[PDB]
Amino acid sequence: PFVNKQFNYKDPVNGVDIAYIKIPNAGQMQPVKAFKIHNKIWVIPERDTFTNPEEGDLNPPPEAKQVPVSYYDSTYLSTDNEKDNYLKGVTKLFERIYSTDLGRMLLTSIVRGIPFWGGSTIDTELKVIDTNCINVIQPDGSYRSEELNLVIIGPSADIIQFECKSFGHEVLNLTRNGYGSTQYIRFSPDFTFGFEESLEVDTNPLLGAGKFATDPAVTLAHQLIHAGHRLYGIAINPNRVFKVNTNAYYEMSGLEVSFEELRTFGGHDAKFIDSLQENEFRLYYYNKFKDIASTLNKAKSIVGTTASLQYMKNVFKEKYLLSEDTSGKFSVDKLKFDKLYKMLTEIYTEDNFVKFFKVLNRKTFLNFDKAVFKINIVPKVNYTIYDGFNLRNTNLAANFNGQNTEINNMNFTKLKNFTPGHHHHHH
């Protein structure tokens, strides 16, 4: 959310909001410098070769094996100067998101979305799950474990493959049982995608469609919406998909977009989602929340040194908006639940963010990107918190001229065209 202090990648470690950390994952990775820009939210301006053991390096696949919509450069984000621009880029997008009524609400929901303390084998004991924390390095080289909700980190080998990922449990499906888990969003504020479009009326495309660029704040908001679903454990299994056409057959080929995506993008694309199935999930998650309420009600002990049981129960009471009856027993407030669920699944959408931002964006999640563009959003003369690329009092404020890649050509440097025309990428 709003970032109170101005961080520089150079600033010294203070073990509080600027430190070296290790991600709770697998091998003996070497620490990396990280910045806590808001309660529970961290930014690691490094390439992600930690979240997945199958991606320990930045070696690009052979050319013949590369997806049409992909971009590789083992060198991006490897110098302090890039990291510093990464950090300020991400921070500025958070402020742009936070600056809208919709984004302020989403970020508030994300910060209150502490992953549940369901890591004990004893059913009456609350204990944090290790993969929902990071190890902050102390002055004396020792590691101090800290809980967090979100981490913004650089992309893996393919630079434009953005996504929201998290560590799993050996038996619990944290993203789908109402528990939630720390979310790691692979993202870069240094590149954006170009698309075609041009809102017209009846008869006139002599010059062809305009060539525009996607505002990075929308691309980040998209990932954060996924994070919202997952922090609250109400994500939908990606194998659950819906066919999106006409003239096509099922089997889930031709065109079947996952339920998760259609709901995240929203707008005209959220009408292809089966209402009943949608209704079933809300009931299923409402129940998951009820189970959590009983777990809290039956809790007799807690693991950890600083936090007291009552303290944690209250943390979760605020998260899941539970009712605390006349006897102290927690219950799921149907009124408050419905609202929370609705907000998380249908108010927080890419479509709605596009409205608040007043930007041009693909109309249907089913649009095709044409190219990748190098950009630099840090300079206030290139991009602002309130206008993005369509700077006011310049010829960039009308007709999304700021997003137009021909007009505002000094703000977009093409790195590659996506040769085939047909498929997707995603998010």
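All residue numbers refer to positions in the sequence shown, first residue = 1.
The mean C-alpha temperature factor is higher for 142-150 when 142-150 and 221-229 are set side by side. Stretches 302-310 and 184-192 differ in mean CA B factor, with 302-310 having the higher one. Highest CA B-factor among the listed residues (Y386, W42, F373, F50): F50. Of all the options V378, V359, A34, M29, the entry's greatest CA B-factor is assigned to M29. Remark: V90 belongs to the lowest third of its chain, ranked by C-alpha B-factor as recorded. Annotation for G118: CA B-factor lies in the middle third of the chain's modelled residues. Compared with the other modelled residues of the chain, the Cα B-factor recorded for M410 ranks in the middle third. The PDB entry assigns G208 a C-alpha temperature factor belonging to the highest third of its chain's modelled residues.
Per the PDB record, residue ranking by Cα B-factor puts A293 in the middle third of the chain.
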